[PDB]
């Protein structure tokens, strides 16, 4: 237990001067015609690259991936265009090699300005990175154990120190996540930040801990929900999910609202464990309902008691429930939010999800530690442009999830302390 955090990071890594550092970063960026159209992921690693740079480092070899070429070189997923971006961000020349491992790679690296930055090609072009892959005719194909081993040592031969700045992909145990067997393994500033806020919230958080979950499906969250019930104090279940709970628990006339057949079967277990673990469940007691799934459709409000008429569905929290939010949230000390409270992507049904954000942002300033990790949830924080108003918005893909699901994250375990 308590594996998260308490690891090793760039910060406080003595003897970096004149050393060759290998950095695993997240460069999976959206691109159109060799034109990167969102350089945040690139700018984000600058702090790490900069620090290493002004510390000595004979070389700065960067390795990463983009897309899912599946083990075969696919020109639609080459990191070349990213190397160009870095030239302008660093203000100096950057070396691009169309390879990750090999003799030439090692040679070309050593033959490059003394404080140069070098960026190899997509690691995912080697089936040995993920382990499996597919072929030309699109058929599943598995790597060769000897090959994977060869690939992992070839990477380990690239440098002396290894810094991993790629959270969000640490839940998978790929060659670049657990293969670089070097002695010094530390987190990048990005990584370090993530590992910091999560443990600060899953290991020993300032109570009460609030978990805000949301989303249509309840069936694909059983694991998440349970693993949390035994560590949180309050929990708000919203968005679609609520309907399934409200029918199983209160015999509410859900109308046409979304109903999760599979999940309807785990509602008993949850409510039970929740009571056993002494966790308070908070569910909407009124909802805005539409006579058709689409923004701008006749809409009215009803209570859970009144119930939703036939051929009518609910699409957002009613005002009584959105007022009921203030107390639960503003009184929390730490908050893990994952899930919009309604169909936010449609203006008319985003009030419940927008008002929650303000309350989350506001409790942050009141001093509470707030973490978001949804992505679909973040996309809301992003559209609102409030990333900074929140303690930490995890840029973690599936990774964030599994850690909130209780899973282990190889990528992290393979780090020093």
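Numbering follows the first chain given and starts at 1.
- Looking at 359 to 367 and 27 to 35 together, the entry lists the larger mean B-factor for 27 to 35, computed on C-alpha atoms.
- Here the stretch with the larger average CA B-factor, out of 242 to 250 and 92 to 100, is 92 to 100.
- Looking at 119, 180, 229, 336, the one whose CA carries the top B-factor in the deposited record is 180.
- Across 134, 213, 143, 123, the entry's maximum B-factor at the CA atom is seen for 143.
- The deposited CA B-factor of residue 188 belongs to the lowest third of values across its chain.
- Ranked by Cα temperature factor within the chain, residue 12 sits in the highest third according to the deposited record.
- Per-chain ranking of the deposited C-alpha B factor places residue 73 in the highest third.
- In the PDB entry, residue 393 places in the middle third of its chain by CA B-factor.
- When the modelled residues of the chain are ordered by C-alpha B-factor, residue 22 sits in the middle third.
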